[PDB]
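The chain that follows stands alone, in the form solved without the ligand, written as structure tokens.
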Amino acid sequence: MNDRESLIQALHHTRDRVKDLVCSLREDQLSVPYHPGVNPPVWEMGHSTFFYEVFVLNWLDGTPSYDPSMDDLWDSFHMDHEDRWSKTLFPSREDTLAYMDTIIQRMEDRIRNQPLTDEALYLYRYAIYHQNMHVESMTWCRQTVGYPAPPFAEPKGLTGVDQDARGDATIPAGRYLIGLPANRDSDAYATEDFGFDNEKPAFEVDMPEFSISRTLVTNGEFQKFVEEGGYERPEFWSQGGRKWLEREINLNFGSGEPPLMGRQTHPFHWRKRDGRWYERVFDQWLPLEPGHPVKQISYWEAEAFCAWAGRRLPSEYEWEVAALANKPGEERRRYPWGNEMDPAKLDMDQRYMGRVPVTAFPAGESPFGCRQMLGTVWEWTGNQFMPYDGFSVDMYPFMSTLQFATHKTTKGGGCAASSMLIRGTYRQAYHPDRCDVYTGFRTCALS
């Protein structure tokens, strides 16, 4: 993108996603059950609109907030999670929609009527992408609480078989390139070198040879681990995993049914019915297909499956090498397949929702033959989410700084995220306990 036409089309597409997410709910659904992983949908709309005012309109022009009384209430750093559920502190769906439409129009007016400097373009992209982060969170909120799929989604997926594009790819030892230049080091920091602070600054790594699966772990592969007692056999689980395994949760959360407190013995959204596995897909239970990727599993579940399988997770640097194969002084790519985004090459944009065969999208393949490095699921890596040496915070300095060390790095972009913000250098931190985000994994051979 980067051109005004692409920018403005992205702005309207994002606005329409947000509006479809809040407007297709009944009024009584706007107040969602509390869960530490969701937010109320009117609040996410107002918060993601406010970001534009803070970091584009007021930032560049000194423009006052549309409603200055809201500045601390729409702020995600100042507003405690639980307080976002107030029916009194926040406007109505109708008024928040009107607020959004006004700000989206100011955005388009400003894009058209002011110079497209690197500084402005950088902030336009950042704010639009931040709103798309909330398009993803709003989509998974529905899954967490058992609401219907969004009207734009096609959650039954690619109906679409599995093929002999499997096996490991071997990445030869060598010196590879990770990340993107620091903003101050690149005149293309608004365009070709755009990324978030955690992608920067770029560095070289001496990589030992390794072998990585060409395909995501499938339901059918994971099902064997589950059915042979994997969750009851703590030899496969790490110290953290065993603690997670012992936690007591409401296993019925999001199902429509009363609370059922218990320990987890299989992926949270799976349910065996008369010996056949099912998965909750928003407000429906669908049969679990063997060749679709296993998804919405914690880091610990992925980690224990690897131990059982005689495999390991990739580090995030092995992951990015296998996805993009960039070397210093050679031509760089941002996607496994090259540098031009085509949404048909990957499962993103809140469409198939991860129900695709793990060998699908051959045009999205990496230079080593790995399929669906981008899209389908965010992939767990072995690393704690940490700043690269030389890190500098973005103008919005909380993009990364609250999630270091406690979270894992995940890579690639999940099915509910938007393709317009994704890159192979992208890093999405997730707490390792979470079962509520669109996470999956592929494995590597032991060293």
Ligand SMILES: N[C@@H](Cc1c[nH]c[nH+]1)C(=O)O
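Counting begins at 1, following the sequence as shown.
Form solved in complex with the ligand: not shown, discussed below.
Under a 4.5 angstroms non-hydrogen atom cutoff, the ligand in the deposited bound form has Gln403 among its neighbouring residues.
None of the heavy atoms of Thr425 is located within 4.5 Å of the ligand in the deposited bound form.
Contact annotation for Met133: at least one heavy atom lies within 4.5 Å of the ligand in the deposited bound form.
Taking the partner from elsewhere, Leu60 is found to have every heavy atom lying beyond 4.5 Å of the ligand in the deposited bound form. When the ligand is considered in the deposited bound form, only one residue from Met395, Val54, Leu30, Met399 comes within 4.5 Å through any heavy atom, namely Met399. Only one listed stretch (265-273, 141-149, 125-133, 355-363) carries heavy atoms within 4.5 Å of the ligand in the deposited bound form, and that stretch is 125-133.
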